[PDB]
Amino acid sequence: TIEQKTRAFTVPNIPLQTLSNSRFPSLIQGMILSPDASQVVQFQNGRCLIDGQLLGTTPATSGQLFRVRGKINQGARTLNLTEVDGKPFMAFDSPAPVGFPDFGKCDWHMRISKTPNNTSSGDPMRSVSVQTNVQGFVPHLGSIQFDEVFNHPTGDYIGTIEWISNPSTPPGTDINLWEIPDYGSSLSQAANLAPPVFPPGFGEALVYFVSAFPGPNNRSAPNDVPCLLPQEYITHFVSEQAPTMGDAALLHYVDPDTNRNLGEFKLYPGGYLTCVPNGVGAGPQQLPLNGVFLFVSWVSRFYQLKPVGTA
């Protein structure tokens, strides 16, 4: 319809501290730049074009996000993946089931249970671990491998990653949440992976939203999980499907108390935000978390942003 093709672009009118990470369900705790200025990312969750087109394994909502479901035989180590709702995973069409975790360079410590409940007593929860750099980690081929033999009843199991730690192999490897796992194998590459996102250059830098995920690391610091878009943005774009009318959407990060602009950002149609750091050490990490991004105007990709933060 005319209304559909002329629908004005909008973003959710909710402060950042109230929005959610799109790589796992949790409130956003901060904005950062990548420590390495040359960092290329290829996250498979939290990927959505601003006209509402989902990419990779990205779910429309938080409900499928960061869940794992599959069938496993008693005495086996192989979890044969399905979609979160139990329907078959059509492999070769996607890197993994919708919402499947994209945490690379770490051991996964999972909690799962047999579904649906058919018990009248007892604790249903089971702890399993998954290494992602072993030959058995082939979600694109429809399966992942647990570390130990699964001595529990054959059936349909659902759960999630509860905490993460350094990869078991090779020794001395630290967690790196900037990376995704290898979804395929040596004989078969992962098909329909969401594309990489490169640093924009020319004074601009990618902005990442971070939330702490449980687990230790070599720095004795939180495992901060970076993502490109709040999940609420993704849901909003999927619902609205507003046509993209320019090269980039100019956003102002506005202080709700004073109505003053705290920072200028560009939201690119590919579903990521950039800013211009105001010198070395400056960036969006210096901004308070109670601001609201407001859509100002469609702009050219060449439009220059006022630098953000203080050196």
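Numbering starts at 1 and runs along the sequence shown.
S.K.: Do the C-alpha atoms of 141 to 149 or of 228 to 236 have the higher average B factor in the entry?
M.R.: Of 141 to 149 and 228 to 236, the stretch with the higher C-alpha B-factor average is 141 to 149.
S.K.: If you average the Cα B factors in the entry, which is higher, 93 to 101 or 185 to 193?
M.R.: On average, C-alpha B-factors are higher across 185 to 193.
S.K.: Return the residue from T160, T119, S113, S211 that has the highest Cα B-factor in the entry.
M.R.: Going by the entry's C-alpha B-factors, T119 comes out highest.
S.K.: Which of these has the highest Cα B-factor in the record: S127, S165, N223, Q74?
M.R.: Max CA B-factor in the entry, restricted to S127, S165, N223, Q74: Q74.
S.K.: Which third of the chain does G246 land in by C-alpha B-factor: lowest, middle or highest?
M.R.: For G246, whose C-alpha B-factor we compare with every modelled residue in the chain, the answer is the middle third.
S.K.: Please place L177 in the lowest, middle or highest third of its chain by C-alpha B factor as given in the entry.
M.R.: It falls in the middle third of the chain.
S.K.: Compared with the other modelled residues in the chain, in which third is the CA B-factor of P256?
M.R.: Answer is middle: the recorded C-alpha B-factor places it there.
S.K.: Thinking about Cα B factors across the chain, which third does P170 belong to?
M.R.: CA B-factor rank for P170: highest third.
S.K.: If you rank the chain by CA B-factor, which third does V207 end up in: lowest, middle or highest?
M.R.: Lowest third - that is where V207 ends up once the chain's C-alpha B-factors are sorted.
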